[PDB]
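Next up: just one chain, as structure tokens, the form deposited in one PDB entry.
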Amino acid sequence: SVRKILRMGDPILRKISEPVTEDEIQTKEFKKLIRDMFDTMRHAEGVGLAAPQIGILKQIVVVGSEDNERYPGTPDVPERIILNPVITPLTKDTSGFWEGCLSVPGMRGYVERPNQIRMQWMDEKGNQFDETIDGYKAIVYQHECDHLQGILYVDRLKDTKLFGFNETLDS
């Protein structure tokens, strides 16, 4: 079901989320949470969503694009669940991008993150992964994994001069 997304200024968004246990991924609740998250992410036309954005300090991330309106250009991102992620940059090369966040409504900010990272996670069935991601996917996983450590993209603005409300950015 759709859930209330917390906005910037709420102290939760700044706390550290803790790991999900192997047991936990069987609980009826869990499966229902992942459900709500996806329902929520979709209703918001969002590209990804982290558990703490809805008030749950659990290392649970969900992504999924498909013709996303909010970030029109961006290539499609296949629905997937990311649990207990751990990212590591593999380069200093950085791709720029006007990031946005559902917890930071109606605004965009240019942010440069490394364009090639090594992420390690676990999924709903409990499978371990350790791949090297790059491109938009990398950009998305990083933005979303940051939430898990209490970090919002406004913390990484390249410059505060390149930050503002959507409406005016172009108009």
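We number the residues from 1 along the sequence you see. We call the rigid core whatever largest set of C-alpha positions still superposes within 1.5 Å between the two forms.
What comes next is about the form deposited in another entry, which does not appear here.
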| message | Looking between this form and the one not shown after fitting on the rigid core, I'd like to know which of 120, 116, 27, 68 has a C-alpha displacement of 2 Å or more. | response | 68
| request: Could you tell me whether residue 69 and residue 134 have their C-alpha atoms closer or farther apart in that other deposited form than in the shown form, knowing the shift is 3 angstroms or more? | output: closer
| Knowing the Cα distance between residue 47 and residue 72 changes 3 Å or more in that other deposited form, does it shrink or grow relative to here? | farther
